[PDB]
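Engineer: To start, I am sharing the structure in question, which I have written as structure tokens.
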Amino acid sequence: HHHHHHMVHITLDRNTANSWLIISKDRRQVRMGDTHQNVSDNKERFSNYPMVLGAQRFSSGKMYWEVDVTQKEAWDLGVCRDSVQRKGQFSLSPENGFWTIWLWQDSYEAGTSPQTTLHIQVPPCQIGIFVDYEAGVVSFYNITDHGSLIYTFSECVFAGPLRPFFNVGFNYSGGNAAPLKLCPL
Ligand SMILES: C[C@@H]1CN(C(=O)c2cnsn2)[C@H](C)CO1
């Protein structure tokens, strides 16, 4: 892909984070803590899952960023509407305002409804995410495999400002503590 030139500097919004997440001082890394992280509750926080939004809101243009997923067993990545539900149980789907992919139990799937099997020969250590607001496109790239395409959502109906979306996943297994990291430009 030739999307690198639309690179944007993403930072995490502490106020949206699940109360168990630990966001680095530079707001570029997030991981699951082993307990509640001693923050007050607010209507922005994802309550049920280890999720957080980027601070940046996008309503036009072309945007690109990269995320490091090294050694994780489970995660969700992509973009979502600024108005997505924060409290209770929900599925990741375009109908709910999410355009995401994930790793879970040694398989990769796109967050369609129902979910779509992805075909990845080289397990990615870094993921590229490209958003074309006007075209209604969200694309995912395997940086580890020379930028190969993973998945394209097309004909997207964003229906509002978009925010970068992250889920570090649970760590029931003891093998998923590693952070998500926003990679340098
Ligand atoms: C998702 C976080 C943590 N959590 C858990 O239920 C949990 C599960 N294993 S450890 N923490 C809260 C009840 C909700 O916020």
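Every chain in the structure tokens takes a letter, A first, then B, and so on in the order presented; its residues are numbered from 1, and the ligands are numbered from 1 following the presented order.
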Residues of chain A that have any atom at most 6 Å from an atom of ligand 1: could you tabulate them with the shortest-distance atom pair and the distance in Å to one decimal, using only C-alpha atoms and all ligand atoms, ordered by chain and increasing number, as a Markdown table?
Structural biologist:
| residue | atom | partner | partner_atom_place_in_ligand_line | distance |
| --- | --- | --- | --- | --- |
| A:18 | CA | ligand 1 | 15 (O) | 5.8 |
| A:20 | CA | ligand 1 | 2 (C) | 5.5 |
| A:47 | CA | ligand 1 | 15 (O) | 5.4 |
| A:48 | CA | ligand 1 | 14 (C) | 4.7 |
| A:49 | CA | ligand 1 | 1 (C) | 4.1 |
| A:50 | CA | ligand 1 | 1 (C) | 4.9 |
Engineer: Which of stretch 26-157 of chain A end up as strand (DSSP E) when DSSP is run on this backbone - answer as number ranges by chain?
Structural biologist: A: 29-32, 51-53, 62-68, 75-81, 98-104, 107-110, 116-117, 126-132, 137-142, 148-153
Engineer: For residue A:103, which residue out of A:60, A:71, A:91, A:173 is the nearest one, using only C-alpha atoms?
Structural biologist: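 Closest candidate: A:71.
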Engineer: From the list A:165, A:90, A:158, A:99, which residue is nearest residue A:133 when using only C-alpha atoms?
Structural biologist: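 Between A:165, A:90, A:158, A:99, the residue approaching residue A:133 most closely is A:158.
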Engineer: Using only C-alpha atoms, find the one residue out of A:9, A:14, A:163, A:27 that sits nearest to residue A:41.
Structural biologist: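 Between A:9, A:14, A:163, A:27, the residue approaching residue A:41 most closely is A:14.
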Engineer: Return the single residue from A:39, A:143, A:51, A:162 that is closest to residue A:12, with distances computed using only C-alpha atoms.
Structural biologist: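 Using only C-alpha atoms, the shortest distance to residue A:12 belongs to A:51.
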Engineer: Separation of atom CA of residue A:78 and atom CA of residue A:1, in Å?
Structural biologist: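 Straight-line distance from atom CA of residue A:78 to atom CA of residue A:1 works out to 17.4 Å.
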Engineer: From the options A:52, A:110, A:118, A:149, which residue's atoms come nearest to residue A:21, counting only C-alpha atoms?
Structural biologist: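 With only C-alpha atoms as the atom set, the closest residue is A:52.
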Engineer: For residue A:164, which residue among A:58, A:151, A:104, A:46 is the nearest when counting only C-alpha atoms?
Structural biologist: A:58
